[PDB]
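Analysis of the macromolecular model
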Amino acid sequence: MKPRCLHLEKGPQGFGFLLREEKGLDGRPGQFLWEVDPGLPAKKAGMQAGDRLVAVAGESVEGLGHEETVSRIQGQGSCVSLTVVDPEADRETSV
Amino acid sequence: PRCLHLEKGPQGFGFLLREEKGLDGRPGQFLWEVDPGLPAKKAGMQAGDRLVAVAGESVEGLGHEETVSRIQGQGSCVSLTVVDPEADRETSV
Amino acid sequence: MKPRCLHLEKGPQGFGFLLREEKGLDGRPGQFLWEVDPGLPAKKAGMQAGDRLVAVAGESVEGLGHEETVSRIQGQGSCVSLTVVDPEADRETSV
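Residues numbered from 1 in each chain as written, not as in the entry; some residues may be left out. Chains lettered and ligands numbered in written order. Heavy atoms only, no water. Residues with missing side-chain atoms left out of burial classes, pairs and counts.

The record names X-ray crystallography as the way this model was obtained, at a resolution of 2.00 Å.

Before going further, it helps to spend a moment on the pairing of strand β3 (residues 27–34) of chain B. Within a regular strand, the side chains alternate between the two sheet faces. Residues and elements named next belong to chain B. Of all eight residues making up β3, seven are buried, and the element is well covered by its neighbours. Note that strand β2 (residues 15–21) and β3 share seven bridges and pair antiparallel. When the bridges of β3 are listed, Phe-15 appears paired with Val-34. Between the antiparallel neighbours β2 and β3 lie five residues, among them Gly-25 with a positive phi of about 80°. (Buried < 20%, exposed > 50% of the residue type's maximum accessible area, 1.4 Å probe, protein only. Helix = DSSP H or I, 4+ residues; strand = E, 2+ residues; numbered from the N terminus. Pairing = 2+ DSSP bridges.)

For the pair chain C and chain A, the superposition axis carries a translation of 0.3 Å, the fit reaches an RMSD of 0.6 Å, and the rotation angle comes to 125°. Viewed as a symmetry operation, the transformation between the two copies matches a three-fold axis. Residues of chain C ranked by C-alpha distance from the rotation axis are headed by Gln-13 of chain C, positioned 3.1 Å from it. (Least-squares fit on C-alpha atoms.)

Moving on, we come to helix α2 (residues 66–74) of chain A. Residues of α2 of chain A that are buried include every one of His-66, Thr-69, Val-70 and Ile-73 of chain A, and no others. Considered in projection along α2 of chain A, the buried side chains sweep an arc of 95° and stay on one side of the axis. Where α2 of chain A is buried, its residues meet β2 (17–23), β3 (29–36), β4 (52–56) and β6 (79–85) of chain A together with β7 (90–92) of chain B. (Arc of directions from axis to C-beta. Contact = heavy atoms within 4.5 Å.)

Let's shift gears to the pattern of salt bridges. Summed over all chains, the structure comprises 20 salt bridges over all chains. Of the charged contacts in the structure, one is a salt bridge between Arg-91 of chain A and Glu-19 of chain B, with a shortest N-O distance of 2.8 Å. Residue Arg-91 of chain A is found in the loop between β6 and β7 (92–94), and its partner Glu-19 of chain B is found in strand β2; the two belong to separate chains. What makes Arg-91 of chain A partly exposed here is its relative accessible area of 28%. What makes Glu-19 of chain B buried here is its relative accessible area of 6%. Between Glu-59 of chain C and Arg-72 of chain C there is a salt bridge, with the nearest N and O atoms lying 3.7 Å from each other. (Salt bridge = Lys/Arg side-chain N within 4 Å of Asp/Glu carboxyl O.)

Below, the structure written as structure tokens:
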């Protein structure tokens, strides 16, 4: 999946996503869009649950820890550029 | 890592498995959601768990459908080994 | 269950819980933390869905109504002490 760079403007309820860290098999942390809220900025920009957050403000956050990634998003204030890599829709299953 | 034993119900085990690849491209299978009031939840599973084994056999670095087929292949009862997350590493923004 | 005293700090999207009243069979109100939002202060401060709220800012809210309990939480501003009694999280079933 090609990275997609989206520009969000937050309102009173924020950008509209849940960021959660998961470590891969190599130990390196990934920060994932765990859930994206309907009708809020991220969703309106086409961000999806399962997206990996790969850049904030044009700078890579691939392999970066959670608090460092969150502070980088917070450091940008009202308007933020975020780059994501989308999942394959068929690699989720309810069992 | 914790080994949990689940008994299936009419609506299954009660979790959403989702693949995410790491930076070396290796997939991890993550328990993205654990349904309230269903076996997985009541078996001790957490959302954010990584699935590391099925029926005592490692599924680490295995693809999604291989992983699901192995869980399916076990029928009504299933052993699953998970590694839990740090629950202080999720943030709504 | 032994009560637990949690200390929450409010963020831009609030504390992140739904308070719901349930009355006893005798009509007496109790206030319950019905849902706790992932990634928000309540959750991160260890609150569980199904918690019963028994004190705010050190004062009992046992037997108190809903508007009254909310006002007490609101009265504490950005930082609030909440005392809860946790449920048995395995005593839930989807039918």
